[PDB]
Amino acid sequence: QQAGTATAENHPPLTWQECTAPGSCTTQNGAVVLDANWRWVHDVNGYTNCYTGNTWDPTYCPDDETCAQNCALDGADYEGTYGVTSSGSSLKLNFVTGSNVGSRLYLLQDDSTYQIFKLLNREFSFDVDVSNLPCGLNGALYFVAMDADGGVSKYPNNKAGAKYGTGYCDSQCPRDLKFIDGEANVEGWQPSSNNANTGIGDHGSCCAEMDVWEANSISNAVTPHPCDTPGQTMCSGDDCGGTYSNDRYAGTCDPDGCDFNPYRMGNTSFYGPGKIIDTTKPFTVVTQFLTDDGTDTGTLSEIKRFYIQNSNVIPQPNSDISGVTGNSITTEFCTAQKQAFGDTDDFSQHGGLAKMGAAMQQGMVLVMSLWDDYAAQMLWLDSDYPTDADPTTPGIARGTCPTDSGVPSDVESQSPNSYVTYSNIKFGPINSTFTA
């Protein structure tokens, strides 16, 4: 994709902190950028769309390469079109703005380069307000093994780069992306039946993903997802696997992950409105990525979670699922959880924590997003899933929402002013970001 000139691009600023020890932190002046899929794509020599609704225009896009040469990604009116604002260390993502639904943003080191985090033997903390996230919505904060430059050094026909939010990948090997590896996704494009703005092409973009936070006011989950190749790679067709291929398990990435959602793990009292972590008010989420020998070069061995609300430091609750002990993600936990729930252990198949840690070694980009779910209505996060199962069977119930909830047309109409706000990001050594 070319860099368009019709709408100006300016990245909202966002501060965050690096800490060396508890109470000893310094401020980084970051910024965020909107993902390429949200942008106008048009003729590089004019203003005619290359893509409208969910249709490519063959005049500009007779094939993937020509399309990328002929078409430009343009700038974003962050507040007015996309409902994205920032102030100091706070980033607020509104749900519906006009016809736009949510957003996906990346943290920048500079105007052409994503910030890279090396998570091994480190701790990441942030504050969040999920109070205005009802059933069916997901405010996500997570890491993916994207290239820092958005692909530009590898793919000459990508001139837009990180400045325009190119290069996304995740453990679903998403095929909905309009540009992957300097090519458009026109040649095998199939418009979505239920989303007027989207489709699925032959190309997908795979990489490992550490889902630190997927949540609404009902439920949350923390979920690593390994891939066979840790960093960004292209896949083709149904061999991509992931949510939108014929078979989610056909590819090189684990689409399910090894998840810890306290409600799903048998403690419904812990997280939600008025609960131990009371989602009607903001709180702090701390996540630690521990290694087997406690050093920067050890193998990822344990992912731990603490919450802070009203100055009370509260560990993740223990699992109350038979056979599955503790409050953290480890190989033992993941093996046990898949067995107890009767779920396929695709996590182990794609290298588990060892491959997650390999991705962490490559460096990962911070993503903050807000979305609703055309495939599964977020039922996997906040309801009973699958819907044919007995909600009393361990693993089925993940939150309080009914199985009719979360249909995009319903929640976009009923809760347009929903939002998620992330703030006070802190990163550093274990125990450096909070009062252990």
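Numbering starts at 1 and follows the sequence shown.
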* To do: Read off the CA B-factors in the entry, average them over 90-98 and over 247-255, and name the higher stretch.
  => 247-255
* Asked: Is the mean CA B factor in the deposited entry higher across 38-46 or across 373-381?
  -> 38-46
* Asked: Which one of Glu187, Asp228, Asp181, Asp149 shows the biggest C-alpha B-factor in the PDB entry?
  -> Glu187
* Residue with maximal Cα B-factor (values as given in the PDB entry) among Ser217, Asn312, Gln232, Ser103 -> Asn312
* Once the chain's modelled residues are ordered by C-alpha B factor and cut into thirds, is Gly399 in the lowest, middle or highest one? -> lowest
* Among modelled residues of the same chain, the CA temperature factor third for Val411 -> middle
* Asked: For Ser24, does the deposited CA B-factor place it in the lowest, middle or highest third of the chain?
  -> highest
* Looking at the C-alpha B-factor of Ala359, is it in the lowest, middle or highest third of its chain? -> lowest
* Lowest, middle or highest third of the chain for the C-alpha temperature factor of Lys338? -> middle
